[PDB]
Each structure stands twice: as structure tokens, then as C-alpha cells.
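Data first, discussion second: the structure below is written as C-alpha cells.
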Amino acid sequence: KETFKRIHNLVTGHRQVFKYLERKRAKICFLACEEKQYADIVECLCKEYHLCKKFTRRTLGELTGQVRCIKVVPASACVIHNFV
RNA sequence: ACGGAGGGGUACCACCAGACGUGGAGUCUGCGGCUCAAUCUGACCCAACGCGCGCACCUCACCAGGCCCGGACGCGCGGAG
Numbered sequence: 011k012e013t014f015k016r017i018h019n023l024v025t026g027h028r029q030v031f032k033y034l035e036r037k038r039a040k041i042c043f044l045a048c049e050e051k052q053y054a055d056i057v058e059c060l061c062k063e064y067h068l069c070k071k072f073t074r075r076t077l078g079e080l081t082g083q084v085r086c094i095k096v097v098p099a100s101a102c103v104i105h106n107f108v
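With the UniProt record's numbering as the guide, the letters of the first sequence map in order to residues 11 to 19, 23 to 45, 48 to 64, 67 to 86, 94 to 108.
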């Protein structure tokens with residue numbers, strides 16, 4: 011919302030969140048969506064291991082650098105690996 | 001400007017007197033022609049032809065074949081499901 015832009019200068026996607034949710038390299042989690052099999056996978060993998070849910074799916078597209086400025097794109101993710 | 005017009009001068013890239021040569025053979029090299037898929041091109045009296053500073057690959061354009069975008073920057077659409 012404010013300093014997050016500092017961080018981006023984190024990941025988005027199933028293939029890259031799993032690859033950082035496990036092995037305990039992650040940080041914080043923020044769920045979303049369309050299908051349970053993508054809602055109760057991570058959540059159950061959150062059951063083992067931080068686990069949180071942000072109110073909206075779009076602001077992730079906003080907070081993250083998925084825009085160019094105008095065309096925000098939704099994208100659920102839950103891995104703040106960098107967290108520098 | 002030219003003159004198989006005249007008069008003055010001048011030079012071993014002109015001559016007198018001589019000397020050393022080339023054109024005769026074998027060979028290095030370049031130039032035309034023939035050949036090939038290609039035998040890459042410029043220059044042709046003085047004022048083109050060991051000259052464009054040594055070509056197995058690059059040099060290298062030419063022939064037979066094959067990799068890559070190494071398409072900046074703006075606008076429109078899509079994109080981390």
C-alpha cells in the first residue's frame with residue numbers, strides 16, 4: 011500500500030508460490048476464488064504452515082507490479105519470499 | 001587551339017658517342033580469353049597489367065547447405081488461473 015513498492019523493486026502464481034510456501038522459505042500468505052481445489056490446497060498446506070487471507074483478489078494485482086500505467097490483472101498469491 | 005609556316009631557346013622520360021638491356025628458352029606474378037556451381041571485383045597509350053601492402057578457415061563480396069533476432073521507442077489488444 012505504501013512501502014510494498016520498495017519490496018517489488023515476493024512472487025505471484027501457483028507454480029512459484031508452492032515452490033516457496035514449502036521448504037519454509039515463505040513469509041506471509043494471502044488467499045483469494049474460482050475452484051476449491053485451488054482454495055483448499057494451499058489452505059491445507061497452510062494448515063501445516067503466516068496463513069492469512071486478504072480481503073480482495075484484485076489489489077494483489079494492484080499492489081504487485083502486474084500493471085504498466094491502467095490494466096490491473098487479478099492474481100492470487102501467498103509467498104513473500106524476499107521480504108527484504 | 002592547330003599548322004608537312006618562319007625565328008629564338010631547351011631536355012639521356014630527346015639525339016650525337018658509347019654502355020647495359022628486353023622481345024628467343026624454363027619459371028614467379030598480373031592482365032584477356034575457355035571452363036565450372038562459383039572460378040568475386042576496380043583500372044586498359046603516355047596517364048590499366050608484383051597495382052588496389054603475403055588469399056588452406058576469417059580476410060570475402062562469390063557457390064552448396066544450415067543457426068539467431070541481436071524488431072529500439074510510442075499507440076491499440078492479451079497476458080502470472
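The beta carbon of each residue, even a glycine, is placed where N, CA and C say it ideally should be.
With burial defined as no fewer than 16 other Cβ atoms inside 10 Å of the residue's Cβ, what is the status of residue i: buried or exposed?
i: residue 72; result: exposed
i: residue 13; result: exposed
i: residue 97; result: exposed
i: residue 33; result: buried
i: residue 30; result: buried
Suppose contacts are defined by Cβ-Cβ distances below 9 Å. Is residue i in contact with residue j by that definition?
i: residue 104; j: residue 56; result: no
i: residue 68; j: residue 25; result: no
i: residue 99; j: residue 43; result: no
i: residue 81; j: residue 18; result: yes
i: residue 95; j: residue 64; result: no
i: residue 54; j: residue 45; result: yes
On the premise that residue j lies in contact with residue i, defined as a C-beta separation below 8 Å, what is that separation, rounded to the nearest angstrom?
i: residue 48; j: residue 74; result: 6 Å
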